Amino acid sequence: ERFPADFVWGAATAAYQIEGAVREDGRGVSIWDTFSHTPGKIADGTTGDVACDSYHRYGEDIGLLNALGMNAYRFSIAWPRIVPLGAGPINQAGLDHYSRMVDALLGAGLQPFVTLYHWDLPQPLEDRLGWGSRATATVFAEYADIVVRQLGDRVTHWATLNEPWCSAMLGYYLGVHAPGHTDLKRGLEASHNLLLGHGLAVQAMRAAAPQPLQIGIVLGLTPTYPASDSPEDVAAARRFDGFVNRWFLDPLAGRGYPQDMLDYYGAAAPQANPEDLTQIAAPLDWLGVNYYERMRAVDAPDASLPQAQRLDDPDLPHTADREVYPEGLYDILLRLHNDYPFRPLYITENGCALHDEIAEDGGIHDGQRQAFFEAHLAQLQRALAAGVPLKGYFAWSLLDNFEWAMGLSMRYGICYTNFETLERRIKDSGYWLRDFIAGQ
């Protein structure tokens, strides 16, 4: 029933999703400014131009985290605020902003867990192919250096990237995230340059740091299960597992890219010399897992790569946008612990979206979200029992925000955001986490 006395308890956000103030204090244009301002890309016509106004209202965010009894806050720094041209001079006003925010967090007893890259590539870099270019890896590392030099006296726990599978595949293969390209080959190239940027950044950060750091990367992992034991469905499960999970885990673990996937991708695979693989495998202090759903896979020979489609289970619960499968969190952690070298581990996102409203009494009665937390935290207890070296849990999200291609329409917060007034209110699931955490 109990977590470690020193366990990290937080909630998570990303800069473009919450900050607003997109032109303020020298901020440059990101690929998500471009993409959200492109008609038709966002479901509901919204942008991150205002979002939660957390650029001005991070004090209110800190107020929520305190009310919840949290001891940590996962958030991202916007590259466009720091190096507005992407490769070029720094913007001291950007760094001063996050400096003040860091001091405010520490003053409140909240450990900052900083993500350097949460999808907001400076547009001038995208103009030169973005993650399709190796040069972008080099300048990511330079950005990482600058940030750690200024803030690494106070922040020990850093993640280079958030969810490179999204940035590469949704951004450059499927076209549903910024920058919105639709080419497999470019998606795969982007994956390699993201990974190379990660590895270069780790090295740069260790050199630039004023004290030893605890550096990780954050991956979205989706445990995958064949719908039957047929060779066709099992192979479809392996292909999906490789496309999402092992493509990133293996090179990070020093195992190269998975050979099955290299053979499957054929001519679309990127050109990956041994020197790049050595850099990609730069030793980490921790690994973050973002966990939402499983994939129950059936073979789908006529679909695009990886030729595997989800077989829905209507007896399972569904949220606004996903199937619920808490057991998958235990499965993927047990696999990491036993099969891969990363440790310790943090759950850097876990949460759900629902059609939340303010009820007549003023509260938000999101029982399904409460039950979602309760069920996933039970699986974490099981994983801890099995010896998994788990050191923290961050709910996605602290508050409702701009949820990428779904816009403001898809509410993941444990706090409700009124996007007209910018008032935040804690949901019932938030109060449950508060009281659960206080018990711990």
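Counting begins at 1, following the sequence as shown.
Stretch comparison (241 to 249 versus 273 to 281) by mean CA B-factor in the PDB entry places 273 to 281 on top. Stretches compared: 166 to 174, 303 to 311. Higher mean C-alpha B-factor in the entry: 303 to 311. Of the candidates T160, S99, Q211, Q123, it is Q211 whose Cα B-factor is highest according to the PDB record. When the C-alpha B-factors of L129, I77, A144, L219 are ranked from the entry, the top spot goes to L129. In the PDB entry, a CA B factor belonging to the middle third of its chain's modelled residues is recorded for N91.
In this PDB entry, the Cα temperature factor of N418 sits in the middle third of its chain's modelled residues. Sort the chain's modelled residues by C-alpha temperature factor and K185 lands in the highest third, per the entry.
Ranked within its chain, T224 lands in the middle third, by CA B factor from the PDB record. Looking at the C-alpha B-factors along this chain, the one for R425 belongs to the middle third.
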